[PDB]
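Raw coords_3.pdb, PDB, C-alpha atoms:
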```pdb
ATOM      1  CA  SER A 417     105.966 113.937  81.522  1.00  0.00           C
ATOM      2  CA  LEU A 418     107.631 117.358  81.516  1.00  0.00           C
ATOM      3  CA  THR A 419     110.826 115.854  80.132  1.00  0.00           C
ATOM      4  CA  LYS A 420     108.827 113.982  77.498  1.00  0.00           C
ATOM      5  CA  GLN A 421     106.892 117.078  76.426  1.00  0.00           C
ATOM      6  CA  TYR A 422     110.012 119.229  76.174  1.00  0.00           C
ATOM      7  CA  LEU A 423     111.858 116.619  74.121  1.00  0.00           C
ATOM      8  CA  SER A 424     108.863 116.158  71.823  1.00  0.00           C
ATOM      9  CA  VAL A 425     108.570 119.895  71.184  1.00  0.00           C
ATOM     10  CA  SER A 426     112.315 120.454  70.686  1.00  0.00           C
ATOM     11  CA  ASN A 427     112.628 118.494  67.453  1.00  0.00           C
ATOM     12  CA  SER A 428     109.304 119.978  66.337  1.00  0.00           C
ATOM     13  CA  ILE A 429     110.566 123.520  66.617  1.00  0.00           C
ATOM     14  CA  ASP A 430     113.796 122.453  64.903  1.00  0.00           C
ATOM     15  CA  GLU A 431     111.928 120.993  61.947  1.00  0.00           C
ATOM     16  CA  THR A 432     109.793 124.142  61.812  1.00  0.00           C
ATOM     17  CA  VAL A 433     113.063 126.034  61.387  1.00  0.00           C
ATOM     18  CA  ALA A 434     113.965 123.514  58.697  1.00  0.00           C
ATOM     19  CA  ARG A 435     110.639 123.994  56.888  1.00  0.00           C
ATOM     20  CA  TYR A 436     110.995 127.778  56.857  1.00  0.00           C
ATOM     21  CA  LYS A 437     114.576 127.357  55.677  1.00  0.00           C
ATOM     22  CA  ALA A 438     113.129 125.213  52.887  1.00  0.00           C
ATOM     23  CA  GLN A 439     110.637 127.891  51.881  1.00  0.00           C
ATOM     24  CA  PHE A 440     113.516 130.351  51.773  1.00  0.00           C
ATOM     25  CA  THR A 441     115.995 128.049  50.052  1.00  0.00           C
ATOM     26  CA  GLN A 442     113.384 127.940  47.313  1.00  0.00           C
ATOM     27  CA  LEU A 443     112.924 131.702  47.683  1.00  0.00           C
ATOM     28  CA  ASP A 444     116.612 132.090  46.878  1.00  0.00           C
ATOM     29  CA  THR A 445     116.224 129.609  44.027  1.00  0.00           C
ATOM     30  CA  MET A 446     113.498 131.888  42.708  1.00  0.00           C
ATOM     31  CA  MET A 447     115.593 135.038  43.084  1.00  0.00           C
ATOM     32  CA  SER A 448     118.417 133.188  41.307  1.00  0.00           C
ATOM     33  CA  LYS A 449     116.191 132.163  38.408  1.00  0.00           C
ATOM     34  CA  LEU A 450     114.874 135.739  38.434  1.00  0.00           C
ATOM     35  CA  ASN A 451     118.459 136.917  37.987  1.00  0.00           C
ATOM     36  CA  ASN A 452     118.726 134.396  35.157  1.00  0.00           C
ATOM     37  CA  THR A 453     115.507 135.891  33.780  1.00  0.00           C
ATOM     38  CA  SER A 454     116.930 139.403  34.055  1.00  0.00           C
ATOM     39  CA  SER A 455     119.862 138.101  32.033  1.00  0.00           C
ATOM     40  CA  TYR A 456     117.283 136.742  29.607  1.00  0.00           C
ATOM     41  CA  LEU A 457     115.791 140.232  29.407  1.00  0.00           C
ATOM     42  CA  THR A 458     119.375 141.297  28.730  1.00  0.00           C
ATOM     43  CA  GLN A 459     119.613 139.100  25.635  1.00  0.00           C
ATOM     44  CA  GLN A 460     116.103 140.191  24.702  1.00  0.00           C
ATOM     45  CA  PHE A 461     116.821 143.912  24.515  1.00  0.00           C
ATOM     46  CA  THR A 462     120.211 143.283  22.949  1.00  0.00           C
ATOM     47  CA  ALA A 463     118.218 141.509  20.193  1.00  0.00           C
TER      48      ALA A 463
ATOM     49  CA  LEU B 447      93.558 117.671  59.809  1.00  0.00           C
ATOM     50  CA  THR B 448      95.337 121.014  59.560  1.00  0.00           C
ATOM     51  CA  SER B 449      98.262 119.344  57.809  1.00  0.00           C
ATOM     52  CA  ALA B 450      95.925 117.588  55.379  1.00  0.00           C
ATOM     53  CA  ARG B 451      94.055 120.820  54.664  1.00  0.00           C
ATOM     54  CA  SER B 452      97.302 122.704  54.146  1.00  0.00           C
ATOM     55  CA  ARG B 453      98.660 120.162  51.701  1.00  0.00           C
ATOM     56  CA  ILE B 454      95.408 120.100  49.731  1.00  0.00           C
ATOM     57  CA  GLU B 455      94.969 123.885  49.631  1.00  0.00           C
ATOM     58  CA  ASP B 456      98.388 125.574  49.714  1.00  0.00           C
ATOM     59  CA  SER B 457     100.399 126.706  46.689  1.00  0.00           C
ATOM     60  CA  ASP B 458     104.112 126.087  46.128  1.00  0.00           C
ATOM     61  CA  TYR B 459     106.139 129.142  45.188  1.00  0.00           C
ATOM     62  CA  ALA B 460     108.918 126.867  43.900  1.00  0.00           C
ATOM     63  CA  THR B 461     106.536 126.260  40.987  1.00  0.00           C
ATOM     64  CA  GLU B 462     104.248 129.274  40.684  1.00  0.00           C
ATOM     65  CA  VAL B 463     107.090 131.807  40.677  1.00  0.00           C
ATOM     66  CA  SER B 464     108.823 130.188  37.719  1.00  0.00           C
ATOM     67  CA  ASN B 465     105.421 129.959  36.048  1.00  0.00           C
ATOM     68  CA  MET B 466     105.222 133.739  36.427  1.00  0.00           C
ATOM     69  CA  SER B 467     108.741 133.963  35.034  1.00  0.00           C
ATOM     70  CA  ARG B 468     108.020 132.014  31.858  1.00  0.00           C
ATOM     71  CA  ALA B 469     104.787 133.934  31.341  1.00  0.00           C
ATOM     72  CA  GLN B 470     106.252 137.428  31.680  1.00  0.00           C
ATOM     73  CA  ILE B 471     109.304 136.475  29.622  1.00  0.00           C
ATOM     74  CA  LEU B 472     106.918 135.415  26.880  1.00  0.00           C
ATOM     75  CA  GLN B 473     105.017 138.670  27.340  1.00  0.00           C
ATOM     76  CA  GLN B 474     108.096 140.799  26.732  1.00  0.00           C
ATOM     77  CA  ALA B 475     109.332 138.688  23.838  1.00  0.00           C
ATOM     78  CA  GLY B 476     105.841 138.910  22.382  1.00  0.00           C
ATOM     79  CA  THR B 477     105.878 142.686  22.659  1.00  0.00           C
ATOM     80  CA  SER B 478     109.189 142.927  20.819  1.00  0.00           C
ATOM     81  CA  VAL B 479     108.130 140.523  18.083  1.00  0.00           C
ATOM     82  CA  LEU B 480     104.770 142.260  17.669  1.00  0.00           C
ATOM     83  CA  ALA B 481     106.673 145.486  17.152  1.00  0.00           C
ATOM     84  CA  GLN B 482     108.663 143.659  14.490  1.00  0.00           C
ATOM     85  CA  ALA B 483     105.635 142.573  12.444  1.00  0.00           C
ATOM     86  CA  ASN B 484     104.601 146.158  11.715  1.00  0.00           C
ATOM     87  CA  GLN B 485     107.878 146.800   9.883  1.00  0.00           C
ATOM     88  CA  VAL B 486     107.068 144.123   7.301  1.00  0.00           C
ATOM     89  CA  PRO B 487     104.294 145.969   5.404  1.00  0.00           C
ATOM     90  CA  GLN B 488     106.299 149.167   5.878  1.00  0.00           C
ATOM     91  CA  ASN B 489     109.003 147.502   3.803  1.00  0.00           C
ATOM     92  CA  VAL B 490     106.268 146.452   1.381  1.00  0.00           C
ATOM     93  CA  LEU B 491     105.263 150.092   0.986  1.00  0.00           C
ATOM     94  CA  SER B 492     108.823 151.340   0.580  1.00  0.00           C
ATOM     95  CA  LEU B 493     109.217 148.770  -2.182  1.00  0.00           C
ATOM     96  CA  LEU B 494     105.985 149.973  -3.780  1.00  0.00           C
ATOM     97  CA  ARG B 495     107.415 153.479  -3.876  1.00  0.00           C
TER      98      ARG B 495
END
```
Represent the structure contained in this file as structure tokens.
Amino acid sequence: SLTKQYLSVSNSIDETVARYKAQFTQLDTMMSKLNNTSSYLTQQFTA
Amino acid sequence: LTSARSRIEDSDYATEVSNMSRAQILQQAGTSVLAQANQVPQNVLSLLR
């Protein structure tokens, strides 16, 4: 049962890492589109 | 149940943040354009002169 429990929790912690990495992949997507939006502000004040 | 609650209740940044983007972009563009409108009747007046 110990072996079973450890194996069951291993992949769980790994996919928790994956989920946080997903939140932060999209965080970087949002910083990237925010850089794109800063470039938009660039065109806007060039206006 | 916690998973179900989370999926019903939680918000996705991958959408809300770009919503904020579009909105504030529109805010700044709106400010600039609003500034522009005032010049129009100023030109009208200069013409009147």
Would you compute the distance between CA of residue 442 in chain A and CA of residue 460 in chain A? Give it in Å to one decimal.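 CA of residue 460 in chain A lies 25.9 Å from CA of residue 442 in chain A.
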Using all atoms listed in the file, I'd like a table of the residues in chain B that come within 12 Å of chain A; for each, show the closest atom pair and its distance in Å rounded to one decimal, ordered by chain and ascending number, as a Markdown table.
```
| residue | atom | partner | partner_atom | distance |
| --- | --- | --- | --- | --- |
| B:457 | CA | A:439 | CA | 11.5 |
| B:458 | CA | A:439 | CA | 8.9 |
| B:459 | CA | A:442 | CA | 7.6 |
| B:460 | CA | A:442 | CA | 5.7 |
| B:461 | CA | A:446 | CA | 9.1 |
| B:462 | CA | A:446 | CA | 9.8 |
| B:463 | CA | A:446 | CA | 6.7 |
| B:464 | CA | A:446 | CA | 7.0 |
| B:465 | CA | A:446 | CA | 10.6 |
| B:466 | CA | A:450 | CA | 10.1 |
| B:467 | CA | A:453 | CA | 7.1 |
| B:468 | CA | A:453 | CA | 8.6 |
| B:469 | CA | A:453 | CA | 11.2 |
| B:470 | CA | A:453 | CA | 9.6 |
| B:471 | CA | A:453 | CA | 7.5 |
| B:472 | CA | A:457 | CA | 10.4 |
| B:473 | CA | A:457 | CA | 11.1 |
| B:474 | CA | A:457 | CA | 8.2 |
| B:475 | CA | A:460 | CA | 7.0 |
| B:476 | CA | A:460 | CA | 10.6 |
| B:477 | CA | A:460 | CA | 10.7 |
| B:478 | CA | A:460 | CA | 8.4 |
| B:479 | CA | A:463 | CA | 10.4 |
| B:482 | CA | A:463 | CA | 11.3 |
```
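Between CA of residue 454 in chain B and CA of residue 423 in chain A the interatomic distance comes to 29.6 Å.
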For CA of residue 449 in chain B and CA of residue 431 in chain A, the interatomic separation in Å (one decimal): 14.4 Å
Quick one: what's the axis-aligned box for range 452-467 of chain B, all listed atoms, 6 Å on every side, centre and edges in Å to one decimal, as lines of an AutoDock Vina configuration file?
```
center_x = 101.9
center_y = 127.0
center_z = 44.6
size_x = 25.9
size_y = 25.9
size_z = 31.1
```
Your completed range 464-477 of chain B with N, CA, C and O atoms, as a PDB file, in the frame of the given file:
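What follows is the written file part.pdb:
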```pdb
ATOM      1  N   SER B 464     108.262 130.436  39.038  1.00  0.00           N
ATOM      2  CA  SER B 464     108.823 130.188  37.719  1.00  0.00           C
ATOM      3  C   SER B 464     107.749 130.169  36.644  1.00  0.00           C
ATOM      4  O   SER B 464     108.035 130.514  35.490  1.00  0.00           O
ATOM      5  N   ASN B 465     106.520 129.779  36.991  1.00  0.00           N
ATOM      6  CA  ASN B 465     105.421 129.959  36.048  1.00  0.00           C
ATOM      7  C   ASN B 465     105.279 131.430  35.673  1.00  0.00           C
ATOM      8  O   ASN B 465     105.196 131.784  34.487  1.00  0.00           O
ATOM      9  N   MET B 466     105.266 132.303  36.683  1.00  0.00           N
ATOM     10  CA  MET B 466     105.222 133.739  36.427  1.00  0.00           C
ATOM     11  C   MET B 466     106.384 134.158  35.543  1.00  0.00           C
ATOM     12  O   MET B 466     106.225 134.983  34.635  1.00  0.00           O
ATOM     13  N   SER B 467     107.569 133.628  35.825  1.00  0.00           N
ATOM     14  CA  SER B 467     108.741 133.963  35.034  1.00  0.00           C
ATOM     15  C   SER B 467     108.444 133.678  33.575  1.00  0.00           C
ATOM     16  O   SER B 467     108.280 134.611  32.786  1.00  0.00           O
ATOM     17  N   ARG B 468     108.255 132.403  33.243  1.00  0.00           N
ATOM     18  CA  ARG B 468     108.020 132.014  31.858  1.00  0.00           C
ATOM     19  C   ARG B 468     106.973 132.918  31.224  1.00  0.00           C
ATOM     20  O   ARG B 468     107.159 133.403  30.101  1.00  0.00           O
ATOM     21  N   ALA B 469     105.871 133.164  31.936  1.00  0.00           N
ATOM     22  CA  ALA B 469     104.787 133.934  31.341  1.00  0.00           C
ATOM     23  C   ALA B 469     105.237 135.347  30.995  1.00  0.00           C
ATOM     24  O   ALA B 469     105.017 135.822  29.877  1.00  0.00           O
ATOM     25  N   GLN B 470     105.879 136.039  31.938  1.00  0.00           N
ATOM     26  CA  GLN B 470     106.252 137.428  31.680  1.00  0.00           C
ATOM     27  C   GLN B 470     107.373 137.515  30.651  1.00  0.00           C
ATOM     28  O   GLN B 470     107.424 138.459  29.851  1.00  0.00           O
ATOM     29  N   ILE B 471     108.289 136.547  30.665  1.00  0.00           N
ATOM     30  CA  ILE B 471     109.304 136.475  29.622  1.00  0.00           C
ATOM     31  C   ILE B 471     108.629 136.411  28.263  1.00  0.00           C
ATOM     32  O   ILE B 471     108.980 137.150  27.333  1.00  0.00           O
ATOM     33  N   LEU B 472     107.652 135.513  28.131  1.00  0.00           N
ATOM     34  CA  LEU B 472     106.918 135.415  26.880  1.00  0.00           C
ATOM     35  C   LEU B 472     106.209 136.716  26.564  1.00  0.00           C
ATOM     36  O   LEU B 472     106.128 137.105  25.401  1.00  0.00           O
ATOM     37  N   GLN B 473     105.692 137.400  27.580  1.00  0.00           N
ATOM     38  CA  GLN B 473     105.017 138.670  27.340  1.00  0.00           C
ATOM     39  C   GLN B 473     105.963 139.668  26.693  1.00  0.00           C
ATOM     40  O   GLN B 473     105.623 140.318  25.698  1.00  0.00           O
ATOM     41  N   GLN B 474     107.163 139.803  27.249  1.00  0.00           N
ATOM     42  CA  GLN B 474     108.096 140.799  26.732  1.00  0.00           C
ATOM     43  C   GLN B 474     108.597 140.412  25.347  1.00  0.00           C
ATOM     44  O   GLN B 474     108.677 141.255  24.438  1.00  0.00           O
ATOM     45  N   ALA B 475     108.931 139.137  25.162  1.00  0.00           N
ATOM     46  CA  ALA B 475     109.332 138.688  23.838  1.00  0.00           C
ATOM     47  C   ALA B 475     108.217 138.932  22.836  1.00  0.00           C
ATOM     48  O   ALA B 475     108.467 139.366  21.706  1.00  0.00           O
ATOM     49  N   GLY B 476     106.976 138.662  23.244  1.00  0.00           N
ATOM     50  CA  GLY B 476     105.841 138.910  22.382  1.00  0.00           C
ATOM     51  C   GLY B 476     105.718 140.368  22.005  1.00  0.00           C
ATOM     52  O   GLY B 476     105.417 140.698  20.860  1.00  0.00           O
ATOM     53  N   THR B 477     105.936 141.262  22.966  1.00  0.00           N
ATOM     54  CA  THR B 477     105.878 142.686  22.659  1.00  0.00           C
ATOM     55  C   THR B 477     106.906 143.045  21.597  1.00  0.00           C
ATOM     56  O   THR B 477     106.590 143.711  20.602  1.00  0.00           O
TER      57      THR B 477
END
```
